[PDB]
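> Protein chains in written order, with UniProt numbering: chain V, 2 to 94; chain D, 2 to 114; chain S, 1 to 56, 63 to 761, 785 to 1112; chain P, 1422 to 1499; chain H, 513 to 796; chain Z, 911 to 1236.
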DNA sequence: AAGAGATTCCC
RNA sequence: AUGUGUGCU
DNA sequence: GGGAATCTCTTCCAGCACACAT
Ligand SMILES: [Mg+2]
Ligand SMILES: [Zn+2]
Ligand SMILES: [Zn+2]
């Protein structure tokens, strides 16, 4: 099983909506620095060798455990296309 | 025009035939056995099709990326990689008109009907 | 060791030489044995005088023939890509119409492959073999009319494919229709060709069924002697009426189209012994004075009326009665092709008469070397009928020779007609195994010959039957044909007998192929032994009567892939054939004559023949099998010992002291274990690895060619142009790597270059191992082929020994296939109260659903076997039974338990608990003593077992014992792929190649459909381009991951932009409109 | 009409171009400017674009996700 | 009637050196060759003289030659001089056929990052995961492992790391641990032999197990009909994070616990499981 | 266990039922090794009444046979007579097998397998202890002499031979159709790939009434439709107009779970509703596609079908997979 | 190669 | 790169 | 104008393998 998927599949209209959401989140989370995460202080995914999942092992794990909390919001039309891309590379390294 | 939606198929006039063409294959020449460079304005010439090399031209007045969308003054070589070669068409101006056998040989004669 | 047989049916005759169908056929097929004046007209010789006296001034004649000294020996052919053939000489003279007789004996008009004493012909440097065929025996037959159950139709089959297909049908109207080629016509006209008068005909046919009216007539139509020809031609061959028909006569005559099956053999014996009475010549043409004569046509008509009327002695032919189906043996296939070649040779000699200069022209102007060549050449190398000799072990090879096929030259069997033909017909009893047929698709079309069964020249299988005198069984063995078997009443071999006299009031018998229980008198014959029903592989299965037919199939088809194990064991429970198997299969080497031992070397055994002769024997250690296994002979007698004639001297690749050893005798406990024996997967002791129980020896042959290209002559040198001396530490010879070295995936095997970049030969991603032999065929080659352009080849024999690992395929004789799952160490393995662990763990859930109780029984006997140290011989249906096995078990128990009872130990607390539970189970009887309870359990093959990893006893007794288990020819390392990014092809960007990577896995419509079904558009698209044929994006991803960034998707689909270009090539225009109809750039 | 007689004549000529005789599928549609509504799967798969279903469905494909830290920064200049 | 003949781009017709100096030229080059040989022989011909036989026969020759380029085979069969009696794969043939540009992507295409092996029970692992041998894991995840090896004190940079994994005895603890650090939540696709229904391919999370064969969970056997007696299963890796996302959500085994055919659990207890359970819940 | 998993699925969830599953997979194994369930030669306990069930058969046929020789019945008639004789004999012996266990040997290693969902099959267990029935002749007929023995005891030479006839046919029936696996799925996919659920709801209100009564068992006798069929013609679907029955009102346009169908059948047993109104792809509006309400449930689970599912492909495959089993 | 469809010829 | 053949699924 | 016959074109199946041959 995966981190509380029944909450997820229900959190959206179509099950594929969730896939696209998780995906694009992981993408912009990896591309614009792994710092625009919305749950990095204590409630954050971790690993086993050291505890170094705090940095950048998996991009999807983070998305799935991110949406679990009401920190983000999906939708069809929310932000103008170009502007989003630009300001997402501005506000982060 | 950024989102490809649907595709249509139709016959092409001489004009539209030549429109995708960037020059005429006026020779039956392929490649010299010695100089692997293209031959006499035939099938592989950089003038009609594209530069056999990457971003570099024929002679070598312009060689790098800085002048990306520029054509040389003395020889016409505008350059992307070995892709522009593989994406540009040439043509052949037949002496006497010839009909497309596709429309001739068929179960229903597209022209004989 | 030692042996105890149970079988009490006296095999009154030993089993015939197994590879005889391949050998005897070939020897009789040519007069190379006996002098060219001796007998044996048939085979090659026959083929001669069929197309030999080619009358025109052209009259050749058969003036003897001889050949048979090969270009190169048995093993040198195998190494140099040649054929163990012999040049064909054959003496040929010419006689002109006028005077003068010019002769020139030997003409190098081609070659002809010889056969090893085992039954294989080394063609094109590869051991190949031709199987036997089954088809309808060419003759006259009477089968019912398809749509009309009222009348019947005749039949005249004559092979080959060229040669008419004649049917005779009494058309419901009344008139009789001749069917030739396909067309029909009034048969009475052809009757008139042969010079029949209305009267004579009216007599002969008129005899009984008035139906003669149907044909006797045609007064206006049949009142002309030789005009019936002139008219038949008009109505059959739409053309000109001169003498062309008087010549087509010959075509429905002799020599040509109809069958040349000798005067007295096939056509004769078949015809007479079945129908009619007489045959006057191979086929139907006696033409004294141009006139015609016939003998078959009239009995065919006579028999037709007889059947389609009253009862002149029951006239019903059965299409697959087997007494109607010949078996084309190897020698027949060969001689047939030889005839085919001689035919075109004859066409040439006909053609050349017009290009003759003067008179003489015997040697050089006429007889050439192409038709015979084309005949004998394309056959052994292109025929669907000849294949790779399956040499997994000697037994498998033995099977592959004795197998019969239907699939053949097209003229007989097709690959689009089955389901009905494949089924076990009645007459296959004793002649063909109803079990051996290889499973899966194409099933039933391939059936091995039964054990005691053997071809009788005529083609039909013959069964050994013991005839009986009234009430006493005769010690006479008559080999009967299917057509003759049904004409009697035969008893089973299980029938109670006193010496040779029946001892039961009711005898189980079979009439015309059906169970009927009769009296001791009506017996006239008897089955020799129940071993005659099955093909030897099925005869290798103990307690066969206790296995399902489906299971026994696989069981009989498992041996055919039993990898020869370095330390192999003979079965602990066998049938008795093994010892014969190894000797008839030419596995090991036996003694030829009585005497003592001279020199037991690991390379030779010298023998003391009492006739002052010591003959030399090679013992051959590592000879790569055709399959990939290894063939080893290891000595078995010590220096200074007296041997006997026919006694072994060494062991074959699959023999232990002269028995068939195709695997191991491991102590198996049948019980569920964690999940490790889920399905048919098999748990295994680590112990078996510690004492190398399952270990093979494979030799992968690599190669390279030195083609002399013009841009730059390729050449082999001990020089690798670019980097390290470390890689050349193995390169000993100048170009060749050393022998005895260790090569690994990526190691350099051969060094050579071409136009200077390195194009050498390295070890593929699979595995190398240890080099054992290196062959090199230079330009100065003492008589070899060598491919065009190539200057010299370099082949390497890299051997390696592989142990039983997780993933290898394991199975038995009873038929249980199954992979190995986990190799639990010795500690945490089920072990008896005695310090003895178990070797293999089989899931019981695999037993009931397939009904193969055989394993259970071999295990039961295997218990007594393990504790008494003695194997057993249990024949097919006269093998062991319950009272016997239980009895022996009772004996072994005394050892297994008495040892403890004496030693100062007794009934363990655990044993007590297990017994207590076994009571409520209902295996033991309540009331006895613990020792007696354990005795009862030990009788049923069951016994207390400890968990091993806990020490808690498995609450419930389970059956343990030593069963026979082989390792199958499949392994894992043979099938292993794991490449991420590697070679592609210039011609196609789809990845494949074995340089440093294996090969990209195939993606079919069935996979794409699954990904599509899920809705994984990204994974699918990524699969169809990014990791396949799109090159632009391939390196995009490959660069991306290198830096640790996400895989970039492809913005512009590649296969689209290419197709646009391809579609614009023609007069077609591909316009990629926008959402609201506007042209959109793609580039 | 049967399954195969049906599928043999889908308007999506991209499909029939694959299985059926290519030359006639292209010829018959070339004369009459046939707009291939790139809707069918097998249709849209020959090309290489993502497939018209699942994670590629129009209903889903065009979707965006952001957090408050960016939602605000965008909220300002809007 | 086209009076101008469009010529295909170069690389779509690769005049390419293969080996030893052997030149594979797509037959389209040899087809465009004679078209020019007759074209310029017709145009030049109108200039000098103008015989009806010569010129008209020439027109027929042209009309034939261009047809050869378009649809080869409708009129005899143009062949390269005695050596190959094959007709040249014309433009019409570069499409229609099993190996074309319509049947192309639909059924073919050999994947890149992939493999296969013999199936074995995987008792000690859950539906979420599966047993995959070490060697496979290293090879399949070569590049990820490279980068992460650069992230740690395992290798200087990319190239030196590529040279690190070159020979088979170089694989040290460092590399393996890093290799576990590259996967984690990463999921792989496992394919069956004849794949038939949707559940024919299941995603699992790789577990670096020894041995050599692929280890698979018992329950999903009945799913894509797999028995342990010598069968072969394949394996891929959804590289893109989008592909990873869809794979571990809709293609994962633990999330597909019902058959799309009918509302029946297709991961129910099976051969051994049931026997064990039934044995312990009955009365005496 | 299967039904338990199905219920716990739609009750406890998906990710949970996974864990339940693996718990079963663990414990069941671990216990199956402690049980000691094995297969011995004695384990296949032969029924006690064998000799009598045969005796009363033999002493029966002996009479019937005579009736032929006297000239009472015809050829065909006695052929069918022996048929009925052994047809009933084997079936009766089977009961002796399955009862001998249940009575005297409750925990029979061969019994517990065939009983629970483990390997094993009724008529198969009949073959090990009881006797094999009459086998098939090469043609469509049957041998008038059945294999009167069992695999446990010695199955005789000739008997094996007469069983081989059907035994080989089996292979053809399965192996000749291992290749047909790619044929039906192919044909169906070609006409379906265009279909995908890419809609929320359509503007139509057309339905079908899936009948709850099979009219055609005997001549013309109306009666309850099969326990199975109804379930697959009503599960996870959508109504077109509210229908109240047993005492609870079913919502309009409601995604019926299995229990909905259950209580519906119960209500139909009393004489309430003969049919049920339902949305189906058969009557959608979407040209290329099918909407959400029209399709229904299935999404590898019991959820409303997601918007954008590749339904056509899935359906084609689900009709294709068990094609070869025919 | 075998089956189906289309075209041509004869009634 | 296609055909023949066998082996396994 | 219709019907029958003959010729031509198209379909030609689940996966891997090992082989050989052209
Ligand atoms: Mg299998
Ligand atoms: Zn320049
Ligand atoms: Zn709808």
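Virtual Cβ for every residue (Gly too), placed ideally from N, Cα, C.
Give the DSSP bridge partners of residue 691 of chain S, in chain order.
S:853
> Check whether the stretch 1153-1167 of chain Z and the stretch 1065-1072 of chain Z touch, using three or more Cβ-Cβ pairs below 8 Å as the test.
Contact between the stretch 1153-1167 of chain Z and the stretch 1065-1072 of chain Z is absent, because fewer than three Cβ pairs lie under 8 Å.
> Please tell me whether residue 1054 of chain S and residue 8 of chain D are closer than 8 Å, where the distance is taken between their beta carbons.
no
> For the stretch 827-843 of chain S against the stretch 953-965 of chain S, do three or more pairs of beta-carbon atoms, one drawn from each stretch, fall closer than 8 Å, so that the two count as touching?
No, the stretch 827-843 of chain S does not touch the stretch 953-965 of chain S.
> What ranges does the beta strand (DSSP E) occupy inside the stretch 139-210 of chain S, keeping only unbroken runs of at least 3 residues that lie completely in it?
Listed in chain order, they are 146-150, 158-162, 172-176, 182-186 and 189-192.
> Looking at the unbroken beta strand (DSSP E) that takes in residue 704 of chain S, where does it start and where does it end?
704-708
> Is residue 1200 of chain Z close to ligand 3? I mean its beta-carbon at under 7 Å from any heavy atom of the ligand.
yes
> Cα-Cα, which of P:1424, P:1460 and P:1431 is closest to residue 1104 of chain S?
P:1460
> When the distance is taken between beta carbons, is residue 1188 of chain Z closer than 8 Å to residue 1150 of chain Z?
In contact: residue 1150 of chain Z and residue 1188 of chain Z (Cβ atoms closer than 8 Å).
> Quick one: which residues of the stretch 928-939 of chain Z get their C-beta closer than 7 Å to a C-beta of chain V? List them in chain order.
928 and 929
> For chain S, check one thing: does any of its Cβ atoms lie closer than 8 Å to the Cβ of residue 86 of chain V?
no
> Can you check whether the C-beta of residue 49 of chain D is within less than 8 Å of a C-beta belonging to chain S?
Residue 49 of chain D does not count as touching chain S.
> Does the beta carbon of residue 1225 of chain Z sit closer than 8 Å to a beta carbon anywhere in chain P?
no
> As a quick check of your reading: which residues have a C-beta less than 6 Å from at least one non-hydrogen atom of ligand 1, in chain order?
For ligand 1, the selected residues are H:739, H:741 and H:743.
> In this structure, how does DSSP classify residue 630 of chain H when only helix, strand and coil are distinguished?
Strand at residue 630 of chain H.
> Which whole-angstrom value is the C-beta distance of residue 868 of chain S and residue 691 of chain S, which I expect to be below 8 Å?
5 Å
> Going by DSSP, which residues form a beta bridge with residue 641 of chain S?
For residue 641 of chain S, which the question treats as bridged, DSSP gives the partners S:656.
> Pick out every residue whose C-beta is nearer than 7 Å to a heavy atom of ligand 2: which are they, in chain order?
D:58, D:59, D:60, D:61, D:62, D:63, D:73, D:75, D:76 and D:78
> At least one CB of chain P closer than 8 Å to the CB of residue 1082 of chain S: is that the case?
yes
> What do you reckon, are the CB atoms on residue 715 of chain S and residue 588 of chain H nearer than 8 Å?
no
> What residues in the stretch 748-770 of chain H have a beta carbon less than 8 Å from any beta carbon of chain V?
753, 754, 756, 757, 758, 760, 761, 762, 764, 766 and 767
> Ligand 3 and residue 1115 of chain Z: does the residue's C-beta get closer than 7 Å to at least one heavy atom of that ligand?
no
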